[PDB]
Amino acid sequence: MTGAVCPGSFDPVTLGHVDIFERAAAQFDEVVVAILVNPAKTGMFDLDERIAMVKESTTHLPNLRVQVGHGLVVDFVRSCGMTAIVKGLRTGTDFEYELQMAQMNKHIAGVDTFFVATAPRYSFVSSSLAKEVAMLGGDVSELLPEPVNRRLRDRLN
């Protein structure tokens, strides 16, 4: 089997992330979305909620599974019997840092990182900015999956 891991904090998952999941699922036999949480309580959604949002947003991808990650991403990737990470590039991505992490990840565990450009319509959403705008009252519903929109609306109502 070919396979890739798509790691992130997904707090919450965006349509930018889902686009990347779809591309990974199209090109690898199996995809694992690895939810890697904050070292210190700082998130908007708890882990259970993050998991549910990813699952509910990926029902159309039968070769994708969702799991909570622990420790070094490369250790999680190798625990999945894989050697590839797939990550998206968007507007605002710190690409130099992504490159540094990719080189470090290859050095320590031989894990490759494949980068893919997110679809233009979803290229300016990030979890952080979506939350920031949502919390100040703005509408980002067109940039997030409906399972995320539902939960966001509940927190503000």
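Between two forms, the rigid core is the largest collection of C-alphas that superpose within 1.5 Å. Sequential numbering from 1, following the sequence displayed.
In 8 other deposited structures of this protein, superposed on the rigid core, the segment with the larger root-mean-square CA displacement between 32-40 and 111-119 is 32-40. Looking at 90-98 and 126-134, the one farther from the shown form in 8 other deposited structures of this protein by average CA distance, after a rigid core fit, turns out to be 90-98.
A summary of the deposited B-factors shows that, of 28-36 and 97-105, the stretch with the larger mean C-alpha value is 28-36.
Of the two stretches examined, 58-66 and 38-46, the record assigns the greater average C-alpha temperature factor to 38-46. Ranked within its chain, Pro145 lands in the middle third, by CA B factor from the PDB record. When the modelled residues of the chain are ordered by C-alpha B-factor, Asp19 sits in the lowest third. In this PDB entry, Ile51 carries a Cα temperature factor that places it within the highest third of its chain's modelled residues.
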